[PDB]
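Encoded as structure tokens, the structure appears first; notes follow it.
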Ligand SMILES: *[C@@H]1O[C@H](CO)[C@@H](O[C@@H]2O[C@H](CO)[C@@H](O)[C@H](O)[C@H]2NC(C)=O)[C@H](O)[C@H]1NC(C)=O
Ligand SMILES: *[C@@H]1O[C@H](CO)[C@@H](O[C@@H]2O[C@H](CO)[C@@H](O)[C@H](O)[C@H]2NC(C)=O)[C@H](O)[C@H]1NC(C)=O
Ligand SMILES: *[C@@H]1O[C@H](CO)[C@@H](O[C@@H]2O[C@H](CO)[C@@H](O)[C@H](O)[C@H]2NC(C)=O)[C@H](O)[C@H]1NC(C)=O
Ligand SMILES: *[C@@H]1O[C@H](CO)[C@@H](O[C@@H]2O[C@H](CO)[C@@H](O)[C@H](O)[C@H]2NC(C)=O)[C@H](O)[C@H]1NC(C)=O
Ligand SMILES: *[C@@H]1O[C@H](CO)[C@@H](O)[C@H](O)[C@H]1NC(C)=O
Ligand SMILES: *[C@@H]1O[C@H](CO)[C@@H](O)[C@H](O)[C@H]1NC(C)=O
Ligand SMILES: *[C@@H]1O[C@H](CO)[C@@H](O)[C@H](O)[C@H]1NC(C)=O
Ligand SMILES: *[C@@H]1O[C@H](CO)[C@@H](O)[C@H](O)[C@H]1NC(C)=O
Ligand SMILES: *[C@@H]1O[C@H](CO)[C@@H](O)[C@H](O)[C@H]1NC(C)=O
Ligand SMILES: *[C@@H]1O[C@H](CO)[C@@H](O)[C@H](O)[C@H]1NC(C)=O
């Protein structure tokens, strides 16, 4: 809902309109130029001059206005390559931001991409990017592994945290602690190679079921 | 300066140049478009950080030694040792060169902020608040992202840190390369040297100097001779500006690629093959270069295979 | 003989009629209040301060300006709020909440088709 307030921006779309309007206004204005001829009107030349000399004066005006057309068309080709490169980017985002979920950083908005919705604009496209942004962090003490029975335990997914007195396993993107068990972790190596490993208890569910 | 390039000082010329319409307005509008985009190109590649991050005084990240890419406090410029090497390898008749909006000190401050953010919080600061995590643990997550189990780092932390430190150290030897940056300088210098030299051409006129024409000729015939020179030198300006627009599109496409890599190689971990170096992407560190950017790509490369039977 | 373009720095005609003028690489002694010499030329009509704000009207080479407080000013732009990360060798920061954000991106796709 806040998106409408920010609108009621599109300068990139107005610039396309302006650039073509300016080339068409200039192209027409270049017809009122004498280019060093006696006049700028191909009928007035004849009205007050003989053919032998009128062919020269009209040929000068033709060359000048023919140069105008070459300038115009060359710029349209160079500018059409730029809008084509933009249309290629918009088509690529349409596939990768709207028809799927992207992991490309900053390609589909700021934050972690969830989804996008297209909207039509005149001569363009607008993407509504929906992102995931974390908030309200707390600091914790951490350790890479935990020692139990002389063996090193590593998390399957997540990080070890300490709240001050007890250690828990959490997932990395949302604080949600669980107790460190043998189903949450895996074993690899001994506690002699890991720098910063700490002592804690890893609970086995089997023994309290067997009393 | 269209009037000073073509005419040049003379004032009898100015009334004649007005007779060709708005060609001089078109040149100024076209070149201003380029001038504004060139500062935006730089902002999009480097100005991707909100706050200016700093590293802690100790500067000891579980071993890994980053002194070759962090700023040197004992310098007026505050460049890194590698940035000092990178900058050590690369007015006329109406022509002028405008200064950039951002100084190179300011660019160095964007680069040090990206370095300080990454080494202390990895990629979290690019999506929200910066979340601290020990660096050794940052490296272990990065191996996990490429399908390697995280104990490979924790049991071999010293080996990886020592091998990294030598591998980054070899980068200076390969430098003490930047031909892509020198080519940009050369192409503009050549267009400015050619544009000036094209003023010593007669284009089929009696002379090439708009004052000498008058000194030895009557107005009726001098208007024709000066009009020929004006047309010739006006064609020179059209050639110059057309090429700057075509060449500015190429540097713009390069700035778009550099901005995209800045997001995807530096502010995160990419799975795109060969987009962030050769091997399995772990991390990247930016360095500032004159008119460009240098990426230090850190990759994972397997070695010493054995064969086995499988099922 | 010194020269160069002349460009007026206006803070919107909707809010004021004041203006400042920068003479590109012209010394302030060879131009013909608030006169400031910068490596980018001679700046007239704005006072130069040592503080820093966000870019408003880029002047070039690190300097900007904007209606202050009813006036125009220049200054060495600042790159952004400064912030130290609370790094240590055994500390981590994890979010406990989140928000969903929406942002716009706009891309042109076509021009008008012309024929002469
Ligand atoms: C860390 O969290 C634990 C668990 O919430 C707190 O320890 C107590 O644990 C017993 C069970 O062993 C519970 O019955 C208590 O309710 C817990 N107390 C509290 C206040 O939650 C421990 O206090 C926490 N440590 C710190 C420093 O806050
Ligand atoms: C974590 O627990 C282990 C096991 O109890 C500790 O290993 C003992 O270390 C002491 C010296 O601190 C030795 O005298 C014992 O012989 C060790 N026990 C075994 C079974 O090897 C280890 O020191 C503890 N770590 C910390 C930081 O307290
Ligand atoms: C990081 O690496 C630099 C070298 O790239 C180390 O600085 C050098 O250390 C050696 C001794 O090991 C000295 O002989 C050199 O004179 C040092 N160079 C400079 C420029 O001072 C630096 O000590 C390393 N940092 C850590 C923490 O090991
Ligand atoms: C996460 O953030 C939201 C706010 O963005 C919290 O929801 C609000 O909670 C307060 C009470 O603390 C209520 O008065 C508001 O009405 C809630 N807002 C909404 C939109 O429902 C939410 O409680 C936060 N979670 C935690 C664990 O603090
Ligand atoms: C975490 O602790 C650091 C100091 O070590 C502090 O600067 C930071 O603000 C703390 N973070 C939170 C959310 O309190
Ligand atoms: C972290 O550094 C402090 C000194 O600043 C040291 O006392 C402590 O042992 C270090 N922790 C680890 C796990 O090395
Ligand atoms: C594996 O065996 C093949 C022959 O089957 C041999 O060519 C190859 O070199 C062997 N690889 C290693 C690492 O010995
Ligand atoms: C400028 O004036 C127009 C009306 O002419 C108004 O719509 C707009 O909000 C004004 N801008 C500011 C910043 O006040
Ligand atoms: C302008 O000239 C004065 C001397 O008249 C000199 O002191 C000053 O440095 C000059 N300014 C610039 C920008 O060169
Ligand atoms: C700004 O600070 C410098 C020193 O860094 C000082 O020389 C100068 O006078 C100051 N400018 C103003 C306007 O106070």
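One is the number of the first residue shown, and numbering goes on along the chain from there.
Looking at the header, which is where the method is noted, we find electron microscopy, 3.1 Å.
Positions of Cβ are set from backbone N, Cα and C atoms, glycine also.
Straight from Swiss-Prot, the features:
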DISULFID  A:97-A:108  disulfide bond
DISULFID  A:147-A:191  disulfide bond
CARBOHYD  A:139  N-linked glycosylation site
CARBOHYD  A:163  N-linked glycosylation site
CARBOHYD  A:199  N-linked glycosylation site
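Structural mapping of features recorded in Swiss-Prot.
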residue	record	Cβ within 10 Å
A:97	disulfide bond	24
A:108	disulfide bond	26
A:139	N-linked glycosylation site	14
A:147	disulfide bond	18
A:163	N-linked glycosylation site	11
A:191	disulfide bond	17
A:199	N-linked glycosylation site	10
Residue A:199 (N-linked glycosylation site): which of the recorded positions A:97, A:108, A:139 have a C-alpha within 10 angstroms of it?
-> none
Between residue A:163 (N-linked glycosylation site) and residue A:191 (disulfide bond), what is the CA-CA distance rounded to a whole number of Å?
-> 23
Report, in sequence order, every one of the recorded positions (A:97, A:139, A:147, A:163, A:191, A:199) having a CB within less than 8 angstroms of a CB belonging to chain C; if no such residue exists, report 'none'.
-> A:139
Cβ-based proximity (under 8 Å) of the recorded positions A:97, A:139, A:147, A:191 to chain B, or none | A:139
So which of the recorded positions A:108, A:163, A:199 sit close to ligand 2, that is, with a CB under 6 Å from an atom of it?
-> A:199
Checking the recorded positions A:97, A:139, A:147, A:163, A:191, A:199: which ones have Cβ within under 6 Å of ligand 5?
-> A:139
With H, G and I counted as helix, E and B as strand and the rest as coil, say where DSSP puts residue A:191 (disulfide bond).
-> coil
Residue A:163 (N-linked glycosylation site) in three-state DSSP notation = coil
Calculate the distance in Å between the alpha carbons (Cα) of residue A:147 (disulfide bond) and residue A:139 (N-linked glycosylation site), and round it to a whole number.
-> 23
Compare the C-alpha of residue A:191 (disulfide bond) with the C-alpha of each of the recorded positions A:97, A:108, A:139, and give the closest one.
-> A:139
Roughly how many Å separate the Cα of residue A:139 (N-linked glycosylation site) from that of residue A:108 (disulfide bond), to the nearest whole number?
-> 30
So, in DSSP terms, is residue A:108 (disulfide bond) helix, strand, or coil?
-> coil
Please report the DSSP secondary structure of residue A:139 (N-linked glycosylation site), reduced to three states.
-> strand
Kindly point out which of the recorded positions A:108, A:139, A:147, A:163, A:191 have a C-beta less than 6 Å from some atom of ligand 1.
-> A:163
